[PDB]
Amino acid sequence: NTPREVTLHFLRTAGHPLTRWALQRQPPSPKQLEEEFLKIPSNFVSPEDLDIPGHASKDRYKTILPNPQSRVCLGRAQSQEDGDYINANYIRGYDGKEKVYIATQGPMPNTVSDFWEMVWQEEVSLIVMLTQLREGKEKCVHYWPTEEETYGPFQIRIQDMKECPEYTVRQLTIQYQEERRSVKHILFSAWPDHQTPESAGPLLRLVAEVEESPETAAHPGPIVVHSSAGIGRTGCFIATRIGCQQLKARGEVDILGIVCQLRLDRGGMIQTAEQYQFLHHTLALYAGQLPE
């Protein structure tokens, strides 16, 4: 028993709780953090674990695939399309709450309409986007409109653009037949893939921008988080939020555990050790702004 049984056992049980104090005043050494991050299994799936034909055309990277047990299935309630496929996964949030996020790649030109179908079906009201200015056509596409565009059966229109210093908030609507819904769009640039943000301040503010985003609905939908591959930056963002939530509720955080649980939801979440180190730096900062 069995690369897979031993991977799952690890991800399901590994933990390393850290108090507000230990985080601030005695974190694990950069050495320990590296050695620790390497021990975490990736939980990638092989192309052999997904029997979907033609999914390859819908993936930005051949090796970054949604785990089947949490994959988002497009039920096609609003269109005629062949598959149910989109490279995306439900992600559990604080304390295991189901479907708090959906982690996905940024759409490619041929998956723009699948994305919006996901946004609709899942009743997404908040999209968080992580990118860099250098990022070209092949890593990222402008899948929202200038004023107004039809994407498949939807009308997306831009109701407002406001430029905060570290991100752009766009208020959109998406409308299908008679039903028109609000979606808040946060684009956070200056975050290159395989790297970290310039510093933690801007990330914590992005996280707050999301916290203080009014929760209109009765069965609130998942927050969509995306980047080119949908795991590195998307992982850091989502790990930072969950981590802040644990610190706030419990005065401690388990980062190792958090990362492990994200990899159960979608393989590869958090790509580099340096990103894992940054998570500790950011969360250490966050502790200091907590009451008292």
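Residue numbers run from 1 along the displayed sequence.
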### Of 138-146 and 188-196, the one with larger mean CA B-factor
138-146
### Summary
Ranked by mean Cα B-factor in the entry, 255-263 and 62-70, top stretch is 62-70
### Query
Among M161, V119, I91, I156, where is the Cα temperature factor highest, going by the PDB entry?
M161
### Query
When you compare the CA B-factors of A218, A208, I86, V100 as listed in the entry, which one comes out on top?
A218
### Task
Name the third of the chain's ranked CA B-factors that contains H281, choosing lowest, middle or highest.
lowest
#### Entry: Record-listed C-alpha B factor of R181: chain third
lowest
### Task
Ordered by C-alpha B-factor within the chain, which third holds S57? Give me lowest, middle or highest, please.
highest
### CA B-factor ranking of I223, expressed as a third of its chain
lowest
### Query
By its CA B factor, does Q132 count among the lowest, middle or highest third of the modelled residues in the chain?
highest
